[PDB]
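Just below is one structure, and these are the notes that go with it.
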Amino acid sequence: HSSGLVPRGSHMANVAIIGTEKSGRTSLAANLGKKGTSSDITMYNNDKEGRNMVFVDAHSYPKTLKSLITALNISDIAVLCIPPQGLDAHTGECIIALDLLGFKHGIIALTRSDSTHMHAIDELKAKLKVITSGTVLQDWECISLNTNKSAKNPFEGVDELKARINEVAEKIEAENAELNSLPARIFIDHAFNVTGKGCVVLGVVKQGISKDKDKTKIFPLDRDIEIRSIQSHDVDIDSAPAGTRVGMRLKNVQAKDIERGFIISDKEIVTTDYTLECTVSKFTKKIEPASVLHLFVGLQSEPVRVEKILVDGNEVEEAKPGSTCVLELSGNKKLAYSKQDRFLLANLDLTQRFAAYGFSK
């Protein structure tokens, strides 16, 4: 039994459209759905074509990492846009980020196809088979396409991209369904006041099934809240299973006290310090005590200091690129997380800024 006249269906996909400067990312996202919420990321909704699809354009990357990492941690499928001759520093940084995230499901869009030739595209596909070997991208399809209605081959490859997104989406729907039996968690990416509605948050159910009228909590505030209604693609629903992009009206909390990164759930860890078992990228600088990193967990991102580095429980003066270590980290702000949440560490002053992933010890 469910609300309304026709069940939602577990038909949905949340897709991140990412990549380097001048890669056709925004034009692709903009031609795949209707412009919705827009901050440092922009949602393009499309519930007109079978799935409730949300495409998130990380338009503030490469300027900021938060734009990219937010788009990624609310999405289940990544479309990495690489333009002709587009093997540059940011395409490399995106590949490294996806691989440090263990991001399973994606597609390479070889954009701007009308600006290039088959034989060049075949050479770039060959190249990418190399760069992505032994990474999570290794078996991602590369689809050549453009979004130029005036080209000789207008919108070639867009139908093929969409068909591959739907194939991957079907696999993710089964994976997310397995998570329905877990306790609900919802990650919030936006919060605002709505006249006559009060506190509304937008987010995605990460696991479990969130139900209308649930009495639960919000973290890191650690405050009791009630879910007054859940909306998906403009329609109120009684329940929202894992994977569902939601808008929720909340009782007992004010939008001004919520930030992107807050979590609705019955229990989360809240700390300002972290002890992480980390795997350091081969493509970063050795990590040293008392140095500065940026930490991302869920949809949160804050500066941290490395207090202590251990290898085999013994304290060391460095963690080399491409090594494993424990990092004791300290920070100012209280963050919420559970142990399943992958942490990413960055050095914002580098060229390739991603340093490591880790999990709470």
Side-chain angles (χ1 to χ4, degrees), residues 16 18 40 58 60-75 78 89-90 92-104 135-137 187 206 220 259-261 263 268-361:
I18 67 165
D40 57 338
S60 311
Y61 174 83
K63 176 188 93 225
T64 71
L65 300 183
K66 163 182 186 167
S67 175
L68 178 69
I69 302 305
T70 301
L72 292 174
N73 277 345
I74 74 183
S75 299
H90 294 127
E93 187 177 57
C94 284
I95 290 172
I96 282 163
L98 287 167
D99 184 68
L100 288 175
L101 285 164
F103 203 97
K104 293 289 179 64
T135 76
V136 302
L137 300 83
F187 282 5
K206 297 294 296 189
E259 298 300 329
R260 174 182 298 172
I263 296 170
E268 297 294 330
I269 302 166
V270 173
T271 61
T272 55
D273 301 346
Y274 316 89
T275 306
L276 306 180
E277 295 248 12
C278 293
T279 290
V280 183
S281 181
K282 286 176 196 183
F283 292 91
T284 194
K285 269 298 227 220
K286 70 193 220 202
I287 300 181
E288 285 179 288
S291 75
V292 181
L293 292 166
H294 218 71
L295 177 153
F296 296 81
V297 65
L299 310 184
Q300 296 157 124
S301 52
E302 296 304 342
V304 297
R305 181 175 271 83
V306 172
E307 297 285 346
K308 195 194 288 187
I309 309 179
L310 311 100
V311 187
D312 305 355
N314 320 320
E315 179 177 354
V316 294
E317 293 317 297
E318 57 187 43
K320 290 189 300 163
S323 81
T324 63
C325 65
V326 174
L327 297 181
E328 261 159 29
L329 297 177
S330 64
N332 296 329
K333 196 149 151 190
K334 274 181 303 193
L335 302 187
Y337 56 96
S338 285
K339 292 209 168 223
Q340 64 264 34
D341 292 335
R342 182 186 302 244
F343 284 76
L344 285 187
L345 297 176
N347 181 337
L348 305 175
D349 293 330
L350 298 176
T351 307
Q352 191 296 100
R353 296 166 281 183
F354 290 99
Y357 70 82
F359 287 89
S360 181
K361 219 276 210 306

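Residue numbers count from 1 along this sequence.
Judged by distance alone, the side chain of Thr271 and the main-chain N or O of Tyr274 form no donor-acceptor pair under 3.5 Å. Formation of a donor-acceptor pair under 3.5 Å by the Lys66 side chain with backbone atoms of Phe296 is not found in this model. Between the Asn73 side chain and the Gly298 main chain, a donor and an acceptor come within less than 3.5 Å of each other. Checking side-chain atoms of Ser60 against main-chain N and O of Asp40 turns up a donor-acceptor pair under 3.5 Å.
Remark: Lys285 NZ to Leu350 CG distance equals 7.5 Å, nearest 0.5 Å. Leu293 CG to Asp349 CG: the interatomic distance, rounded to the nearest 0.5 Å, is 10.5 Å. Considering CD1 of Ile269 and CG of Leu335, their distance stands at 12.0 Å, rounded to 0.5 Å. Considering CG of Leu310 and CD of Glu315, their distance stands at 6.5 Å, rounded to 0.5 Å. For the atom pair CG of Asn332 and OG of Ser330, the computed distance is 8.0 Å after rounding to the nearest 0.5 Å. Rounded to the nearest 0.5 Å, atoms CD (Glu259) and CG (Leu299) are 12.5 Å apart.
The aromatic rings of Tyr337 and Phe343 lie perpendicular to each other, with more than 60° between the two planes, well past the 30° mark. Classified by interplanar angle (parallel below 30°, tilted 30° to 60°, perpendicular above 60°), the ring pair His90/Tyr61 is perpendicular.
Of all heavy-atom pairs spanning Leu329 and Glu307, the tightest one is C-CG, 4.3 Å. Contact record, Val304 with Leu295: CG1-CB, 3.8 Å, taken as the closest heavy-atom pair. When all heavy atoms of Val280 and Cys325 are compared, the pair lying nearest together is CG2-SG, 4.2 Å. Closest approach of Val326 to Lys361, counting heavy atoms only: CG2-NZ, 4.3 Å. Residues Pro321 and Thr284 approach most closely at CG-O, 3.2 Å, considering heavy atoms. Between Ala336 and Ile263 the shortest heavy-atom distance is O-CD1, 3.6 Å.
Annotation: side chain to side chain donor-acceptor pair (under 3.5 Å) contacts involving residues 288-305, sequence neighbours excluded, comprise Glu302-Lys333.
When side chains are defined from C-beta on, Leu276 counts as touching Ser360, because their heavy atoms get closer than 4.5 Å. Considering only heavy atoms from C-beta on, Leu98 comes within 4.5 Å of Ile18 through its side chain. Considering only heavy atoms from C-beta on, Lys308 stays 4.5 Å or farther from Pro289 through its side chain. Side-chain contact between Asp341 and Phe187 is present, with heavy atoms from C-beta onward closer than 4.5 Å. Here the side chains of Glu277 and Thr324 are not in contact, with every heavy-atom distance at 4.5 Å or above. No side-chain heavy atom of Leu65 sits less than 4.5 Å from a side-chain heavy atom of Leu344. With contacts defined as side-chain heavy-atom distances shorter than 4.5 Å, the pair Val306/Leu345 does not qualify. You'll find the side chain of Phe283 stays beyond 4.5 Å of the side chain of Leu100, heavy atoms only.
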For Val311 and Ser323, what are the C-alpha separation, side-chain angles and deciding distance, and is it a side-chain contact (heavy atoms from CB on, under 4.5 Å)? CA-CA 9 Å; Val311 187; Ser323 81; over 6 Å; no

Would you sort out whether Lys334 and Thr272 count as a side-chain contact (heavy atoms from CB on, under 4.5 Å), showing the intermediate values? CA-CA 5 Å; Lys334 274 181 303 193; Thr272 55; 3.8 Å; yes

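Counting non-hydrogen atoms of neighbouring residues, nucleotides and ligands closer than 6.0 angstrom, the CZ atom of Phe359 exceeds 12 such neighbours.
Side chains of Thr275 and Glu328: a donor-acceptor N/O pair is absent below 3.5 angstrom, by distance only.
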